[PDB]
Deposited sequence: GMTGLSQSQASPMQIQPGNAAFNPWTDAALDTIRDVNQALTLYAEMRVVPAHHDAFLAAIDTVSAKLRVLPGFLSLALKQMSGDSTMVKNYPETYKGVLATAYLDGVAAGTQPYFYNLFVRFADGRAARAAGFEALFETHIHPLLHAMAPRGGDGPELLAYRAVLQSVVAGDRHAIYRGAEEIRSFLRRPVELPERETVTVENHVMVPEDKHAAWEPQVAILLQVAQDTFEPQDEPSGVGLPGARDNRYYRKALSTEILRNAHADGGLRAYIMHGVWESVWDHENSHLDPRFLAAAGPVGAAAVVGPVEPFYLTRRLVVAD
């Protein structure tokens, strides 16, 4: 069940494809792991049809995605960073490798690169047990930012060529993970797309003069607009379930959490959340590497 093999990759084509991994890395292997990612990204960036690569460290967990009462807002905002600072958790890293189309993805030989450079570092200490990675191939269904919604294959490629999450900007990424019944997913996708209009348009206070909003805080309901939103579908159903990630980038944890309290968002998300039979789980991430094509 490896979706990164030649054969798996043969089965898919004319749109952006993301090779995607969720990994755990222990401190003893961390420096080597980042060196390995840098070795791998140098090799990938020069390949035909390569768009971007993002390495994101899980930093906390959204509570407002669950619609807990506002007293719980942001209480796990930095909890994963704290686990690294306590040594109680490994590093959790997700990797996004975006290609122009299936031919580019297929040609890239990513599985080999991963096996050579990254796989050997994904073990605990003794040496110890292998920490298994989640692996997927993901399609970008629809995407958007503060100015426009991107629906065509080429418009979405272009969006993926200019990621906003440059590490030095200290943006906060969210990945809202859900599974929808496979027999419902086609009908559901158009409902999800209204979330991109909400993301493009909504902020608090609504009259903020720069047209972006004010920074969120624990003690207010303000927020700046999302920086970017992208709907990722797993290219392969998991039997009767289809996995999605609503991939968002925000200026801060508080902007995100406060966005979830806005009645405009709640009204639009209600119907979308109705079809989710697993999740939502929506962690926070910091972008540790961002690499674009040469």
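Asks: Pop the missing stretches of the deposited sequence into a list, counting residues from 1 and keeping sequence order.
Replies: Gaps vs deposited seq, in order: 1 to 21, 34 to 35, 150 to 153.
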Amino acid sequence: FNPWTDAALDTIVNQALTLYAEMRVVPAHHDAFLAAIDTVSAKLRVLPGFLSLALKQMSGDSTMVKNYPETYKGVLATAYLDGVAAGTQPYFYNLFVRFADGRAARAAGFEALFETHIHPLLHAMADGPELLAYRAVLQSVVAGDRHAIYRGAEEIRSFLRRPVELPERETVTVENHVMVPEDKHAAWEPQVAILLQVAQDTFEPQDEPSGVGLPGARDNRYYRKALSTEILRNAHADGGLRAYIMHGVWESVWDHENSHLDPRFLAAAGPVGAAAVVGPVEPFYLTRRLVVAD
From here on, numbers count along this sequence of modelled residues.
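Asks: As stated in the PDB record, which stretch has the larger average Cα B-factor, 253 to 261 or 43 to 51?
Replies: Per the PDB record, 43 to 51.
Asks: According to the deposited model, is the average Cα temperature factor higher in 152 to 160 or in 77 to 85?
Replies: Per the PDB record, 152 to 160.
Asks: In terms of recorded Cα temperature factor, pick the maximum from 98, 221, 103, 135.
Replies: Answer, based on the entry's C-alpha B-factors: 103.
Asks: Among 19, 272, 25, 286, which carries the highest Cα B-factor?
Replies: Answer, based on the entry's C-alpha B-factors: 272.
Asks: Please say which third, lowest, middle or highest, residue 7 falls into when its CA temperature factor is compared across its chain.
Replies: It falls in the top third of the chain.
Asks: Going by the entry, which third of its chain does the Cα temperature factor of residue 64 land in?
Replies: Tercile = lowest for this residue's CA B-factor.
Asks: Sort the modelled residues of this chain by their C-alpha B factor and say whether residue 168 lands in the lowest, middle or highest third.
Replies: Top third by C-alpha B-factor.
Asks: Using the temperature factors of the C-alpha atoms in this entry, rank residue 145 within its chain: lowest, middle or highest third.
Replies: Residue 145: CA B-factor falls in the middle third of its chain.
Asks: With respect to C-alpha B-factor, does residue 71 fall in the lowest, middle or highest third of the chain as deposited?
Replies: Middle third by C-alpha B-factor.
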